[PDB]
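# Architecture at a glance
Chain by chain, the residues:
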There are 2 protein chains.
Amino acid sequence: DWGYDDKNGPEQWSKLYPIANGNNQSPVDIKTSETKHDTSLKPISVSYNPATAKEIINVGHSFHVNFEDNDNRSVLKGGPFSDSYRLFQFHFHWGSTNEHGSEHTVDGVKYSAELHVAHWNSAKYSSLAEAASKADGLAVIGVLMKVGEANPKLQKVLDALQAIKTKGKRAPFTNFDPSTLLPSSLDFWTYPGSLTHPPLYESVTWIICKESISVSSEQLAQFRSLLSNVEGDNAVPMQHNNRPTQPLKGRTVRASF
Amino acid sequence: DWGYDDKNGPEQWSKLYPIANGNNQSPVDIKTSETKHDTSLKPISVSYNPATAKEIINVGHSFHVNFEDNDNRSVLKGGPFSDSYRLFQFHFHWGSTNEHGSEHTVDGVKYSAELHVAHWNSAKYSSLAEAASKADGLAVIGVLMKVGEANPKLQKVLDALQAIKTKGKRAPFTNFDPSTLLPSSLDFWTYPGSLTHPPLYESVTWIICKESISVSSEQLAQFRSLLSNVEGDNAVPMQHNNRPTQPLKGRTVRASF
Ligand SMILES: [O][B]1([O])O[C][C]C2=[C][C]=C([N]C(=S)[N][C]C3=[C][C]=[C][C]=[C]3)[C]=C21
Ligand SMILES: [O][B]1([O])O[C][C]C2=[C][C]=C([N]C(=S)[N][C]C3=[C][C]=[C][C]=[C]3)[C]=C21
Ligand SMILES: [Zn+2]
Ligand SMILES: [Zn+2]
């Protein structure tokens, strides 16, 4: 139905998902000379319980690490939020080559990949399903991933991918605290935005970290060696899944710093 | 340089390696109706000592498993041979899809991949460096691989690929008997031929197995997820390394069966 090829990719998504041309679409270019430093922004607080880590899935366009979200063992607080948000998933976006692959850009600079750590508002809603399409329903941390030194913090994730090479495969994925993937400093930009693929809900408060994390060209090759086809079919490696930046349409990107 | 691209591939090899146009070039199409039964052909005897297994290396166009060749712990004889031939290497050839990856063809049928188990004449010569260019220097078993069920005999080889992802990377590879990769029956065809890539020496007596072995689509994808680039550079996956069949130029393909 949708993907990242010319026939089915980001420039055609509006045919099934009209919000694709909406006014709070993500990702965006962060122009640093136009960010408002906001004094009321408190530090970001993550407290993740590695026990909430549940499984790793191949979803054909990407792979997902999902978390038990039945209670408040793993939460994000602070920043612009009064509410606690419940960890439910992390995943990555990458590009065909190392020169692009991030979704978010900073001063028009494209990075090699992007981590998304996704949370839902359990103070206001009782489920992800209820939260997912509310303006205040999702909190997502974006981390820009800069091609360089191999990132050993990625290691448990990349070692698990051999178990889920083809679309539909899943394996348990336990005892993992995704805060171990976050940069050293949680200084951040925040703007009201969307999911970066279908269903593209304008439900996301973004926390884009100013600090990047490393990844080697060979760790990126591991992502791209993952297959979009089902077991038995001809291999179609997942070459890219990064959406181009979208118009800010008058939104303000606030800095914590 | 040489490779398998439109730039440096099999159709321009003759520029740097003029023997590419020779009269004993490999691979060839084996036409079952034209093969001659030779009553002098003995059964092929392989006995390989798993302790000769030394190392696995990414050589850019392929990966090689190399064996200690200082004695005759690991030998080929029988078939058309008066001499004993010392195991030194096995490796594979594959194609960009699963339909076309073998080098030899049988009645024009292309298989998905091909195993080469390479030996040098330790009766007439004292090293590989020496034997490599002698008409009677090399003996190579070629097994055709047919896409189908996962081949569990490939498991140790495929498990080792994660340690040699980029060109020049090598790792220990020990305690392996590659006769485990051969089909049950060692009924064969034999013809005089060449190395199937540069330096393309007409030094090879081929033993082409009548029986194929299996390989899965996902095992072939693991071959193709090896990188031809050096560490640090942008990932270039190894998509194919099979040479087109060459003119038979009046050679007789003998059958053991
Ligand atoms: O990169 B992204 O698109 O946008 C950024 C945040 C994000 C978070 C999670 C996910 N993962 C899934 S399964 N998305 C589907 C979904 C999510 C919620 C409700 C219905 C449906 C994707 C994204
Ligand atoms: O498929 B093939 O080309 O041709 C078929 C047999 C074969 C055997 C070994 C190898 N592997 C190497 S390292 N080849 C290089 C070489 C150079 C000089 C002397 C020896 C060997 C390759 C082949
Ligand atoms: Zn995402
Ligand atoms: Zn070969």
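The deposited coordinates for this entry were obtained by X-ray crystallography, with a reported resolution of 2.000 Å.

## Some words on the relation of the copies chain A and chain B
Screw-axis analysis of chain A against chain B gives a translation of 0.0 Å along the axis, an RMSD of 0.3 Å, and a rotation angle of 178°. Here the transformation between the copies is reduced to the relation of a two-fold axis. The rotation axis passes nearest to the C-alpha of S225 of chain A in chain A, at a distance of 2.9 Å. The overlap is high: 94% of the interface residues of chain A also sit at the interface in chain B, so the same surface is used on both sides.

## Overview of the site of ligand 2
Residues and elements named next belong to chain B. The environment of ligand 2 is formed by 13 residues, the closest being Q89, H91, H93, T196 and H197. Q89 places a side-chain nitrogen or oxygen 2.8 Å from a nitrogen atom of ligand 2. Between ligand 2 and the protein, one listed contact pairs an oxygen atom with a side-chain N or O atom of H91 at 3.4 Å. Elements with a minimum of two residues in the shell around ligand 2: β7 (81–94) and β10 (113–121). In terms of residue count, the dominant contributor to the shell around ligand 2 is β7 (3 residues). Of the residues contributing to the shell around ligand 2, the split by class is 6 nonpolar, 7 polar and no charged.

## Observations concerning the site of ligand 1
Residues and elements named next belong to chain A. Lining the immediate environment of ligand 1, one finds 13 residues, of which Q89, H93, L195, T196 and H197 sit closest. Between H93 and ligand 1, the recorded distance is 3.0 Å, taken from a side-chain N or O atom to an oxygen atom. For ligand 1, whose accessible area on its own is 520 Å², the fraction buried by protein is 82%. Of all elements in the fold, only β7 (85–94) and β9 (113–121) reach the threshold of two or more residues within the shell around ligand 1. Among the elements that make up the shell around ligand 1, the one with the highest residue count is β7 (3 residues). The residue makeup of the shell around ligand 1, split by class, is 6 nonpolar, 7 polar and no charged.

## So, the coordination of the zinc ion (ligand 3)
Residues and elements named next belong to chain A. In the first shell of the zinc ion (ligand 3), the protein supplies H91 (NE2), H93 (NE2) and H116 (ND1), at 2.0 to 2.1 Å from the metal. Read in sequence order, the donor residues for the zinc ion (ligand 3) give the motif H-x1-H-x22-H. Separated by 23 residues along the polypeptide, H93 in strand β7 and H116 in strand β9 bring together distant segments of the chain. Per residue, the accessibility class of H93 equals that of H116, and both read buried.

## A closer look at unusual backbone geometry
Residues and elements named next belong to chain A. The linkage connecting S26 with the following residue, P27, adopts the cis geometry, with an omega of 0°. Inspection of the secondary structure puts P27 in the segment before β1 (29–30). In this structure, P199 follows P198 across a cis peptide bond, with omega equal to 15°. In this fold, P199 is placed in the loop between β12 (188–193) and β13 (204–209).

## Thoughts on the packing of aromatic side chains
Scanning the entire structure with this criterion turns up 29 aromatic pairs over all chains. Summarising the aromatic geometry, the rings of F90 of chain A and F92 of chain A are spaced 5.8 Å apart at their centres and angled 80° between planes, so their arrangement reads as edge-to-face. Using a relative accessible area of 0% as the deciding quantity, one classes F90 of chain A as buried. Relative to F223 of chain B, the ring of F92 of chain B has its centre 5.0 Å away and its plane inclined at 35°; by these criteria the two rings are tilted.

What counts, and where the lines are drawn
Residues numbered from 1 in each chain as written, not as in the entry; some residues may be left out. Chains lettered and ligands numbered in written order. Heavy atoms only, no water. Residues with missing side-chain atoms left out of burial classes, pairs and counts. Least-squares fit on C-alpha atoms. Contact = heavy atoms within 4.5 Å. Near = heavy atom within 4 Å. Polar contact = N/O pair within 3.5 Å; in protein donor to acceptor, adjacent residues only side chain to side chain. Helix = DSSP H or I, 4+ residues; strand = E, 2+ residues; numbered from the N terminus. Nonpolar A, V, L, I, M, F, W, Y, C, P; charged D, E, K, R; others polar. Areas by Shrake-Rupley, 256 points an atom, 1.4 Å probe, with all protein chains shown as cover. Donors = N, O, S within 2.8 Å, 3.2 Å for Na, K, Ca; no water. Buried < 20%, exposed > 50% of the residue type's maximum accessible area, 1.4 Å probe, protein only. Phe/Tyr/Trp six-rings, centres within 6.5 Å; stacked < 30°, edge-to-face > 60°.

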